[PDB]
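[1] Sequence first, structure after, both from an experimental entry:
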Amino acid sequence: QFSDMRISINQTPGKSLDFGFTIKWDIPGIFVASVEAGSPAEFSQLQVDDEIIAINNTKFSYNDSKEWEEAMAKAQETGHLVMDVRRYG
Ligand code: NI
Ligand code: NI
């Protein structure tokens, strides 16, 4: 009932605004908590409750949230976020 998919989100490199979504930490997983109207994440059609599996070259693991957070900050710097998510039906 779940589908794996890849979602590409892009904005100006080094922008002062984030991509438009917040994360719900529900260890051992992380999920999309909110997607803001008007944002790059809404344009790209990321959805609330999508499970976040990886961003760019970083697979999430409950064992290293530090590297996760560093990968998220780096994607804000480059403006490119290719997300592997699992969407439950
Ligand atoms: Ni929910
Ligand atoms: Ni670029």
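    Ah, there it is. Numbering: from 1, shown residues only. Ligands and ions are numbered 1, 2, ... in the order given.
[2] what's the spacing between residue 13 and residue 45?
    Applying Cβ to Cβ, to the nearest Å, the value for residue 13 to residue 45 is 22 Å. The way it works is simple: take the backbone N, C-alpha and C, and place the C-beta from them, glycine included.
[3] meant to ask about residue 4
    In this view, residue 4 and residue 45 are 15 Å apart by Cβ to Cβ.
[4] Also residue 9?
    9 Å.
[5] More neighbours: which of the two?
    Higher neighbour count among residue 9 and residue 45: residue 9, with 22 against 11, using other Cβ atoms under 10 Å.
[6] and that one, that's in a strand?
    Yes: per DSSP: H, G, I helix; E, B strand; the rest coil, residue 9 lies within a strand segment.
[7] I'd say it and residue 35 touch.
    No: the pair residue 9 / residue 35 is not scored as a contact, 10.3 Å apart, by Cβ atoms under 8 Å.
[8] Name the helix or strand for the residue nearest to residue 27 when sequence neighbours are not counted, please.
    Closest residue in space to residue 27, ignoring its immediate chain neighbours: residue 62 at 5.2 Å, by Cβ to Cβ, 6 or more residues apart in numbering. Here residue 62 sits in a region with no helix or strand, counting by DSSP states H and E.
[9] which ones are touching residue 62?
    27, 28, 29 (Cβ atoms under 8 Å, 6 or more residues apart in numbering).
[10] Restrict the helix ranked longest in the chain to CA atoms and write it as PDB.
    Assignment by DSSP state H gives helix 65-78 as the longest helix of the chain. Provided in PDB are the C-alpha atoms of helix 65-78 (Å, rounded to 0.1, in the frame of the first residue of the first chain):
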ATOM      1  CA  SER A  65      20.700  12.700  13.400                       C
ATOM      2  CA  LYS A  66      23.800  15.000  13.400                       C
ATOM      3  CA  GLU A  67      24.800  14.100   9.800                       C
ATOM      4  CA  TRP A  68      21.100  14.400   8.900                       C
ATOM      5  CA  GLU A  69      20.900  17.900  10.200                       C
ATOM      6  CA  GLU A  70      24.100  18.800   8.400                       C
ATOM      7  CA  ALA A  71      22.800  17.400   5.100                       C
ATOM      8  CA  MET A  72      19.600  19.500   5.500                       C
ATOM      9  CA  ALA A  73      21.600  22.700   6.100                       C
ATOM     10  CA  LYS A  74      23.800  21.900   3.100                       C
ATOM     11  CA  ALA A  75      20.800  21.400   0.800                       C
ATOM     12  CA  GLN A  76      19.700  24.900   1.900                       C
ATOM     13  CA  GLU A  77      23.100  26.200   0.900                       C
ATOM     14  CA  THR A  78      23.000  24.500  -2.600                       C
END
